[PDB]
Amino acid sequence: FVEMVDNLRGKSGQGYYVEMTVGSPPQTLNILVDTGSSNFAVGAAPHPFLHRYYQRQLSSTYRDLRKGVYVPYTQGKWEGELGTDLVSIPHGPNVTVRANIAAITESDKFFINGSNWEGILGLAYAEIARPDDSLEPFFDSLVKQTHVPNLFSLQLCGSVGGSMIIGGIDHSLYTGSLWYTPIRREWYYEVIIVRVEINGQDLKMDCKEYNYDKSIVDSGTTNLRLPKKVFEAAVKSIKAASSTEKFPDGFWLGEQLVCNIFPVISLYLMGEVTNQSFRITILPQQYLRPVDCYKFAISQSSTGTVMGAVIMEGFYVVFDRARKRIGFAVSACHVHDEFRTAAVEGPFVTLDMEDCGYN
Ligand SMILES: Cc1noc(C)c1[C@@H]1C[C@@H](c2cc(-c3cncnc3)c(F)cc2F)N[C@@H](N)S1
């Protein structure tokens with residue numbers, strides 16, 4: 001997996017991308033790595049923001065599915081034509097698979113002006129694939145067609161770099177032990193948070209609130225998104241812990257920027273065993289992101305908890321699809337100081353962990 005190390009690139013707040021080839025002869029494209037969606041979709045028209053795009057006319061192995069797909073977001077939209085072609089990852093496993101590809105023909109607020117990627121690789125499950133679950137996601141196709149193990153891992157380092165290890169784990173990318181949390185349901189990478197601590201102090205909330213209406217691991221989101229009831233209780237604790245300096249209310253809501261005082265955030269995740277949990281701890285260096293001007297990278301959510309780049313950059317994260325579990329370990333590349341470091345600790349005794357999940 002040595003060749004897969006350092007295969008991710010990107011710009012701060014614009015996501016992480018991997019190099020991929022599509023078609024015959026191979027057309028090179030940079031593709032956003034997204035564990036929060038399930039579609040493989042690439043720019044296929046000369047949009048002004050794009051360095052390059054998928055040209056189906058040049059591909060002898062392209063097959064038309066004669067179906068369209070419309071994907072609206074809360075903050076964006078893309079529309080495309082469905083098809084299949086041969087897909088390879090140059091700095092991944094030495095294999096070529098026939099995968100579903102949505103040729104993006106129309107979009108709004110999807111591509112980023114100034115970014116170096118022109119497509120999205122949805123690494124989540126078929127349940128949330130569009131138009132429906134019959135459209136097989138890329139990784140499902142990869143595992144079925146080859147001998148690549150049903151597992152991938154991500155090391156996102158805080159312009160930016162990282163590693164996507166496809167089909168395995170690179171032990172040099174983390175320190176200590178991996179700790180696993182069960183994937184509750186195979187749609188998003190859904191997990192269960194059982195306890196939240198700010199500087200070691202428990203928020204004293206019903207743990208069902210932490211997962212309302214879900215908690216997910218998402219490489220395609222920058223921020224740590226929390227449910228509003230959890231967010232206001234979390235922010236109130238951060239305000240009290242950072243009472244040394246005063247900050248405007250707009251800063252905490254992400255409406256304005258600010259130019260040891262900040263507390264650590266610990267998330268206890270459901271363990272592999274009954275009544276067993278473990279905790280992951282992040283630093284200010286993770287949730288206070290440079291834009292010196294800093295943006296408070298914790299926001300309220302209506303879709304539930306989203307463990308975005310804020311969480312993931314502190315850890316080496318293993319998406320063990322084969323065993324329906326997600327592993328966390330201290331990242332060997334995470335940003336810290338001499339006083340505090342990111343941590344993965346366990347085991348802990350936590351009762352009624354099944355009550356924390358929303359139904
Ligand atoms: C769901 C959803 N509802 O509203 C939004 C904004 C989404 C995202 C959809 C998708 C997505 C992310 C980014 C991005 C941006 N900045 C950094 N990283 C990724 C992008 F540019 C285009 C995208 F299509 N990935 C997701 N996980 S969240």
# chains A, B, ... in the order shown; residues from 1 in each chain; ligands from 1
>>> residues_near_ligand(ligand="ligand 1", cutoff="8 Å", atoms="only C-alpha atoms and all ligand atoms", output="mmCIF file with C-alpha atoms, in the first residue's frame")
data_model
loop_
_atom_site.group_PDB
_atom_site.id
_atom_site.type_symbol
_atom_site.label_atom_id
_atom_site.label_comp_id
_atom_site.auth_asym_id
_atom_site.auth_seq_id
_atom_site.Cartn_x
_atom_site.Cartn_y
_atom_site.Cartn_z
ATOM 1 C CA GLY A 13 -12.126 23.866 2.901
ATOM 2 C CA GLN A 14 -12.504 22.627 -0.694
ATOM 3 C CA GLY A 15 -12.260 18.894 0.077
ATOM 4 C CA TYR A 16 -9.835 16.080 -0.728
ATOM 5 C CA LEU A 32 -13.517 14.461 -4.713
ATOM 6 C CA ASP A 34 -16.866 11.702 -0.402
ATOM 7 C CA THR A 35 -17.985 9.178 2.235
ATOM 8 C CA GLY A 36 -21.261 11.131 2.557
ATOM 9 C CA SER A 37 -22.700 10.227 -0.859
ATOM 10 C CA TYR A 73 -28.882 19.499 -2.470
ATOM 11 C CA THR A 74 -29.645 21.880 0.393
ATOM 12 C CA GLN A 75 -26.768 23.991 -0.970
ATOM 13 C CA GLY A 76 -26.306 22.943 -4.615
ATOM 14 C CA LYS A 77 -27.508 20.789 -7.520
ATOM 15 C CA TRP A 78 -26.206 18.579 -10.334
ATOM 16 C CA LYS A 109 -23.196 25.595 -6.859
ATOM 17 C CA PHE A 110 -21.683 22.106 -7.238
ATOM 18 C CA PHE A 111 -18.244 22.804 -8.722
ATOM 19 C CA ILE A 112 -15.987 25.204 -6.805
ATOM 20 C CA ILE A 120 -17.233 13.277 -7.034
ATOM 21 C CA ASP A 218 -18.432 12.351 6.074
ATOM 22 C CA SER A 219 -15.196 13.313 4.294
ATOM 23 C CA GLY A 220 -17.211 15.626 2.001
ATOM 24 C CA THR A 221 -18.088 17.999 4.848
ATOM 25 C CA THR A 222 -15.582 20.445 6.347
#
>>> residues_around(residues="residue 186 in chain A", least_positions_apart="5", cutoff="10 Å", atoms="only C-alpha atoms", output="PDB file with N, CA, C and O atoms, in the first residue's frame")
ATOM      1  N   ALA A 124     -20.234   5.916  -0.016  1.00  0.00           N
ATOM      2  CA  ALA A 124     -21.263   5.331   0.842  1.00  0.00           C
ATOM      3  C   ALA A 124     -22.076   4.264   0.097  1.00  0.00           C
ATOM      4  O   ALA A 124     -21.712   3.861  -1.010  1.00  0.00           O
ATOM      5  N   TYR A 125     -23.178   3.823   0.701  1.00  0.00           N
ATOM      6  CA  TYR A 125     -23.909   2.642   0.231  1.00  0.00           C
ATOM      7  C   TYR A 125     -25.037   2.944  -0.760  1.00  0.00           C
ATOM      8  O   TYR A 125     -25.497   4.083  -0.867  1.00  0.00           O
ATOM      9  N   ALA A 126     -25.486   1.901  -1.460  1.00  0.00           N
ATOM     10  CA  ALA A 126     -26.512   2.003  -2.506  1.00  0.00           C
ATOM     11  C   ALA A 126     -27.842   2.611  -2.051  1.00  0.00           C
ATOM     12  O   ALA A 126     -28.542   3.226  -2.853  1.00  0.00           O
ATOM     13  N   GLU A 127     -28.177   2.441  -0.773  1.00  0.00           N
ATOM     14  CA  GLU A 127     -29.436   2.946  -0.210  1.00  0.00           C
ATOM     15  C   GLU A 127     -29.662   4.443  -0.468  1.00  0.00           C
ATOM     16  O   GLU A 127     -30.796   4.872  -0.697  1.00  0.00           O
ATOM     17  N   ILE A 128     -28.584   5.226  -0.431  1.00  0.00           N
ATOM     18  CA  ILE A 128     -28.666   6.670  -0.679  1.00  0.00           C
ATOM     19  C   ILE A 128     -28.156   7.077  -2.071  1.00  0.00           C
ATOM     20  O   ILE A 128     -27.964   8.265  -2.348  1.00  0.00           O
ATOM     21  N   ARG A 321     -15.984  -2.060   5.761  1.00  0.00           N
ATOM     22  CA  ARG A 321     -17.289  -2.447   5.223  1.00  0.00           C
ATOM     23  C   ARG A 321     -17.594  -3.933   5.427  1.00  0.00           C
ATOM     24  O   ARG A 321     -18.742  -4.306   5.683  1.00  0.00           O
ATOM     25  N   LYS A 324     -18.779  -4.306   8.957  1.00  0.00           N
ATOM     26  CA  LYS A 324     -19.770  -3.283   9.332  1.00  0.00           C
ATOM     27  C   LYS A 324     -19.321  -2.454  10.537  1.00  0.00           C
ATOM     28  O   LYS A 324     -20.045  -2.329  11.529  1.00  0.00           O
TER      29      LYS A 324
END
>>> residues_around(residues="residue 282 in chain A", least_positions_apart="2", cutoff="7 Å", atoms="only C-alpha atoms", output="JSON, numbers by chain")
{"A": [264, 265, 266, 280, 286, 311, 314, 342]}
>>> write_last_selection(atoms="C-alpha atoms", output="mmCIF file, in the first residue's frame")
data_model
loop_
_atom_site.group_PDB
_atom_site.id
_atom_site.type_symbol
_atom_site.label_atom_id
_atom_site.label_comp_id
_atom_site.auth_asym_id
_atom_site.auth_seq_id
_atom_site.Cartn_x
_atom_site.Cartn_y
_atom_site.Cartn_z
ATOM 1 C CA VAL A 264 -11.005 19.980 23.829
ATOM 2 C CA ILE A 265 -14.033 18.104 22.481
ATOM 3 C CA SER A 266 -14.452 14.403 23.266
ATOM 4 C CA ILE A 280 -12.085 10.310 20.423
ATOM 5 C CA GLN A 286 -9.343 21.067 14.397
ATOM 6 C CA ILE A 311 -13.029 15.212 13.207
ATOM 7 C CA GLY A 314 -7.311 14.264 13.825
ATOM 8 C CA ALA A 342 -5.644 14.242 19.650
#
>>> closest_residue(among="A:10, A:158, A:168, A:23", to="residue 58 in chain A", atoms="only C-alpha atoms")
A:23
>>> residues_around(residues="residue 181 in chain A", least_positions_apart="2", cutoff="9 Å", atoms="only C-alpha atoms", output="PyMOL selection string")
chain A and resi 179+183-184+191-192+269-272+277-278+324-328
>>> atom_distance(atom1="CA of residue 316 in chain A", atom2="CA of residue 142 in chain A")
22.3 Å
>>> atom_distance(atom1="CA of residue 189 in chain A", atom2="CA of residue 20 in chain A")
23.0 Å
>>> select_by_dssp(residues="range 42-291 of chain A", states="alpha helix (DSSP H)", output="ChimeraX atom specification")
/A:138-145,228-241,249-252,284-287
>>> write_last_selection(atoms="N, CA, C and O atoms", output="tab-separated table (two decimals), in the first residue's frame")
chain	number	residue	atom	x	y	z
A	138	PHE	N	-19.53	2.84	-6.82
A	138	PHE	CA	-18.21	2.46	-7.33
A	138	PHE	C	-17.52	1.36	-6.52
A	138	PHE	O	-17.00	0.40	-7.10
A	139	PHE	N	-17.50	1.51	-5.20
A	139	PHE	CA	-16.77	0.58	-4.34
A	139	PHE	C	-17.41	-0.81	-4.30
A	139	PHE	O	-16.70	-1.81	-4.18
A	140	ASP	N	-18.74	-0.86	-4.41
A	140	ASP	CA	-19.46	-2.12	-4.54
A	140	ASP	C	-19.05	-2.84	-5.82
A	140	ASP	O	-18.85	-4.06	-5.82
A	141	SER	N	-18.92	-2.08	-6.91
A	141	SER	CA	-18.47	-2.61	-8.20
A	141	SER	C	-17.02	-3.08	-8.14
A	141	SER	O	-16.68	-4.12	-8.69
A	142	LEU	N	-16.17	-2.30	-7.46
A	142	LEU	CA	-14.75	-2.63	-7.31
A	142	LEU	C	-14.54	-3.95	-6.57
A	142	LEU	O	-13.72	-4.77	-6.99
A	143	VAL	N	-15.27	-4.15	-5.48
A	143	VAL	CA	-15.13	-5.34	-4.64
A	143	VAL	C	-15.70	-6.59	-5.33
A	143	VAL	O	-15.12	-7.68	-5.23
A	144	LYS	N	-16.82	-6.43	-6.04
A	144	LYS	CA	-17.45	-7.54	-6.76
A	144	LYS	C	-16.62	-8.04	-7.94
A	144	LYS	O	-16.57	-9.24	-8.21
A	145	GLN	N	-15.97	-7.12	-8.64
A	145	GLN	CA	-15.27	-7.43	-9.89
A	145	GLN	C	-13.80	-7.83	-9.71
A	145	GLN	O	-13.20	-8.40	-10.62
A	228	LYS	N	-29.05	21.19	16.65
A	228	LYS	CA	-29.13	22.51	17.28
A	228	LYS	C	-29.22	22.48	18.81
A	228	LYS	O	-28.55	23.26	19.49
A	229	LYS	N	-30.03	21.57	19.35
A	229	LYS	CA	-30.18	21.41	20.80
A	229	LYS	C	-28.86	20.99	21.45
A	229	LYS	O	-28.52	21.44	22.54
A	230	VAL	N	-28.12	20.12	20.75
A	230	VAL	CA	-26.78	19.70	21.17
A	230	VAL	C	-25.77	20.82	20.95
A	230	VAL	O	-24.92	21.07	21.80
A	231	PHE	N	-25.89	21.50	19.81
A	231	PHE	CA	-24.98	22.58	19.43
A	231	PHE	C	-24.99	23.75	20.42
A	231	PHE	O	-23.94	24.25	20.81
A	232	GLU	N	-26.19	24.19	20.81
A	232	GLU	CA	-26.32	25.32	21.75
A	232	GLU	C	-25.82	24.97	23.15
A	232	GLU	O	-25.30	25.83	23.86
A	233	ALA	N	-25.98	23.70	23.54
A	233	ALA	CA	-25.45	23.21	24.81
A	233	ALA	C	-23.93	23.04	24.76
A	233	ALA	O	-23.24	23.29	25.75
A	234	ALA	N	-23.43	22.63	23.59
A	234	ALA	CA	-22.00	22.48	23.37
A	234	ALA	C	-21.29	23.83	23.30
A	234	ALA	O	-20.23	24.01	23.89
A	235	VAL	N	-21.90	24.78	22.59
A	235	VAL	CA	-21.36	26.13	22.46
A	235	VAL	C	-21.36	26.88	23.79
A	235	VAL	O	-20.41	27.60	24.10
A	236	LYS	N	-22.42	26.69	24.58
A	236	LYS	CA	-22.53	27.29	25.91
A	236	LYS	C	-21.43	26.80	26.85
A	236	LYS	O	-20.98	27.53	27.73
A	237	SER	N	-21.00	25.55	26.66
A	237	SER	CA	-19.90	24.97	27.43
A	237	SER	C	-18.54	25.47	26.94
A	237	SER	O	-17.62	25.65	27.73
A	238	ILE	N	-18.42	25.67	25.62
A	238	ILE	CA	-17.20	26.23	25.03
A	238	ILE	C	-17.04	27.70	25.41
A	238	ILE	O	-15.93	28.15	25.70
A	239	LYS	N	-18.16	28.44	25.43
A	239	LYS	CA	-18.18	29.83	25.89
A	239	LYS	C	-17.68	29.97	27.33
A	239	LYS	O	-16.90	30.88	27.63
A	240	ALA	N	-18.15	29.07	28.19
A	240	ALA	CA	-17.77	29.07	29.61
A	240	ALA	C	-16.32	28.68	29.83
A	240	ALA	O	-15.65	29.21	30.72
A	241	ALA	N	-15.83	27.74	29.03
A	241	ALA	CA	-14.44	27.28	29.11
A	241	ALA	C	-13.46	28.31	28.53
A	241	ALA	O	-12.30	28.37	28.94
A	249	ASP	N	-21.58	37.00	19.12
A	249	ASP	CA	-22.53	35.90	18.91
A	249	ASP	C	-22.53	35.40	17.47
A	249	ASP	O	-22.85	34.23	17.22
A	250	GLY	N	-22.19	36.28	16.53
A	250	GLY	CA	-22.09	35.92	15.12
A	250	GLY	C	-20.98	34.93	14.82
A	250	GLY	O	-21.12	34.09	13.93
A	251	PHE	N	-19.88	35.04	15.57
A	251	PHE	CA	-18.74	34.13	15.44
A	251	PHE	C	-19.12	32.67	15.72
A	251	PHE	O	-18.74	31.77	14.96
A	252	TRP	N	-19.87	32.45	16.80
A	252	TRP	CA	-20.30	31.11	17.20
A	252	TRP	C	-21.32	30.51	16.23
A	252	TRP	O	-21.43	29.29	16.12
A	284	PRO	N	-8.65	22.50	19.52
A	284	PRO	CA	-8.99	23.76	18.84
A	284	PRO	C	-8.43	23.83	17.42
A	284	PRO	O	-9.08	24.38	16.53
A	285	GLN	N	-7.23	23.27	17.22
A	285	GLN	CA	-6.58	23.22	15.91
A	285	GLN	C	-7.44	22.53	14.85
A	285	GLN	O	-7.22	22.72	13.65
A	286	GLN	N	-8.42	21.76	15.30
A	286	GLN	CA	-9.34	21.07	14.40
A	286	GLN	C	-10.62	21.86	14.11
A	286	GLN	O	-11.02	21.99	12.95
A	287	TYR	N	-11.26	22.40	15.15
A	287	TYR	CA	-12.54	23.10	14.98
A	287	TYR	C	-12.43	24.62	14.78
A	287	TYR	O	-13.43	25.28	14.47
>>> atom_distance(atom1="CA of residue 65 in chain A", atom2="CA of residue 97 in chain A")
16.7 Å
>>> closest_residue(among="A:322, A:71, A:101, A:226", to="residue 300 in chain A", atoms="only C-alpha atoms")
A:226
>>> closest_residue(among="A:245, A:255, A:206, A:6", to="residue 353 in chain A", atoms="only C-alpha atoms")
A:206
>>> residues_around(residues="range 29-31 of chain A", least_positions_apart="5", cutoff="9 Å", atoms="only C-alpha atoms", output="list in words")
residues 16, 17, 18, 19, 20, 21, 22, 41, 42, 52, 53, 54, 116, 117, 118, 119, 120 and 121 of chain A
>>> write_last_selection(atoms="C-alpha atoms", output="PDB file, in the first residue's frame")
ATOM      1  CA  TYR A  16      -9.835  16.080  -0.728  1.00  0.00           C
ATOM      2  CA  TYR A  17      -9.442  14.618  -4.218  1.00  0.00           C
ATOM      3  CA  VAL A  18      -7.856  11.512  -5.745  1.00  0.00           C
ATOM      4  CA  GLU A  19      -6.600  10.961  -9.303  1.00  0.00           C
ATOM      5  CA  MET A  20      -8.712   8.560 -11.370  1.00  0.00           C
ATOM      6  CA  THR A  21      -8.840   7.462 -15.013  1.00  0.00           C
ATOM      7  CA  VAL A  22     -12.060   6.858 -16.946  1.00  0.00           C
ATOM      8  CA  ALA A  41     -20.412  11.640 -11.016  1.00  0.00           C
ATOM      9  CA  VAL A  42     -17.988  13.562 -13.238  1.00  0.00           C
ATOM     10  CA  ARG A  52     -10.850  19.080 -17.675  1.00  0.00           C
ATOM     11  CA  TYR A  53     -13.936  16.914 -18.218  1.00  0.00           C
ATOM     12  CA  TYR A  54     -15.125  13.449 -19.250  1.00  0.00           C
ATOM     13  CA  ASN A 116      -8.663  21.377  -8.880  1.00  0.00           C
ATOM     14  CA  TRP A 117     -11.304  18.611  -8.959  1.00  0.00           C
ATOM     15  CA  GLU A 118     -13.985  17.936 -11.594  1.00  0.00           C
ATOM     16  CA  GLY A 119     -15.952  14.996 -10.173  1.00  0.00           C
ATOM     17  CA  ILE A 120     -17.233  13.277  -7.034  1.00  0.00           C
ATOM     18  CA  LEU A 121     -16.611   9.732  -5.769  1.00  0.00           C
TER      19      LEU A 121
END
>>> closest_residue(among="A:152, A:248, A:209, A:294", to="residue 323 in chain A", atoms="only C-alpha atoms")
A:152
>>> select_by_dssp(residues="range 17-215 of chain A", states="strand (DSSP E or B)", output="PyMOL selection string")
chain A and resi 17-22+27-34+40-43+63-72+77-88+96-108+119-122+152-157+160-166+174-182+186+189-191+193-198+201-202+215
